[PDB]
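Single chain ahead, by itself, as structure tokens, in the form described as "inward-facing" in its entry title.
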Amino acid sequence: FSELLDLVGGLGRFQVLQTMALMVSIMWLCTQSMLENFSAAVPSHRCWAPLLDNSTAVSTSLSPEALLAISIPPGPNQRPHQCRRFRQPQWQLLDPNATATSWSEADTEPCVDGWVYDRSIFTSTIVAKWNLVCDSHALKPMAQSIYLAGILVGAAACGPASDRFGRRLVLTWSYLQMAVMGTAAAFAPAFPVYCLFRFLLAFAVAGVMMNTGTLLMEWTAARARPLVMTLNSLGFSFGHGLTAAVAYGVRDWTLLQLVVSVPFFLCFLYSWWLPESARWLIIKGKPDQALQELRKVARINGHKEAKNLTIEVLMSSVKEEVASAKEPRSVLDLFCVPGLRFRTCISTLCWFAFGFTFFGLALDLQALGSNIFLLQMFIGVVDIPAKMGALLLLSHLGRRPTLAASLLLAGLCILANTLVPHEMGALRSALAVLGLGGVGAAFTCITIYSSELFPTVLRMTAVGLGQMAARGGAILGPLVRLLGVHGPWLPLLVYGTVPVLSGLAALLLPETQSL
């Protein structure tokens, strides 16, 4: 194909503008995924109680700090209980002689009148709107899991649809669906409806990602292709900083979810001016339209050789692409061939480790450290040098030790976070940030390495299985957080163990750098 691109400008003004236009959309797309650190933050809470919250009653001579101790019992973390209140105010508990043995646990009752939430950091969040606390605590990670499951299902649908209807068309309607479903999720009347709209938003997020990457590749000359996928990878890195920047200014969840969605109407609008993939048009038998796209790109690049092209030139020069239809393959082929079972298992395990660990940890930063805004910023700031250093080491040391050391770095940082005492919030934050940096570096490695471990006809099927396995593991990410009831160290132990074991397994893969 690339000879046509060289006649048209294989890197130039058009590809520069296209890369910029698609990177901006990827930034906003990243914010959509990261939003529920802020849209679904858990403000500290207690039961509603008459002496504290019905100020219209007879006036109080005591201070709130005394009334709270008189009204809400102490909880396990030596702080006011989040799910119980005294059935009758415990005036006896104010005296200096008093003890916790002065009341029976049967003297408490659950929050019949509902909860009161701390408004000092966030004005509102879905947790506070629909009382996703106490017996309902499981509903937050369920919502996160439903979003990630939407991404899995949308990716499964995108492939067939993209090959039938074209890269640009599916990208266009994906942008529209993101705008519409995000706006709808901002105004959901009930929690089931919020879940439905977040699922349908995720369904489109998958389409945007896949077709962004594909439509960059099918318009970029090979000499510049590694660079462009590196830039596509940094779009998400800037998205993390953008999430921190927007969420710092917009403390109200409806307004936040609306503000990050509105941009996709603009993305939808300018996706109509992008040219459709010429490879796809020729493969599907429409060289007359492909000629129009090619001459359009040549005009954008200010070129002069555009006069030379005709549909016969296209059909003659793109034969090498047209021939690709003759050799179909399937996922079972990866496991039936005895020499490839081993590679497939270990590689898929690495993909799974990336997805599971990242969307396990990155979606509860409120638990990993002291300040969520700086945490969300720094998992973007550190992700950039992690990725660049990964590329350098992946060139100098080879694929095998770089992937192994990256995953082991991630795992050992996350596991160390179970040892560091709770008082050292700064160090706990730093170790979490470094762990997520290692996971990003490992993503950079496994993307490339999975493209080299396999023979050329199975290459695409193997990368497909890998990315689908990452999508699948991400669903289990949030659900494993429910183990925290047995101790906050246990989810960290799981999130840390998975990358360690997969990193050790990666040492068994063959090195694919030629020397």
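From 1 onward, residues are counted along the sequence shown. What we label the rigid core is the largest C-alpha set whose atoms superpose within 1.5 Å from one form to the other.
This protein has a second form, the form described as "outward-facing" in its entry title, left out of what is shown; the following refers to that one.
**Q** Which one moved? Candidates are 161, 242, 216, 412, criterion is a Cα shift of 2 Å or more between this form and the one not shown after superposing on the core.
**A** Once the cores are aligned, the residue moving by 2 Å or more is 412.
**Q** Can we say the CA of residue 377 moves by at least 2 Å between this form and the one not shown when the core is superposed?
**A** No, the C-alpha position differs by under 2 Å between this form and the one not shown.
**Q** Once the core is superposed between this form and the one not shown, does residue 29 show a C-alpha displacement of at least 2 Å?
**A** It does not reach a 2 Å shift.
**Q** After superposing the rigid core, is the C-alpha displacement of residue 148 2 Å or more between this form and the one not shown?
**A** No, its C-alpha moves less than 2 Å.
**Q** With a change of at least 3 Å, which way does the C-alpha separation between residue 38 and residue 429 go in the other entry: closer or farther?
**A** Farther, not closer.
**Q** With a shift of at least 3 angstroms, figure out whether the C-alpha spacing between residue 395 and residue 16 grows or shrinks in the other entry: closer or farther?
**A** Closer is correct, given that in the other entry the C-alpha spacing of residue 395 to residue 16 is reduced by at least 3 Å.
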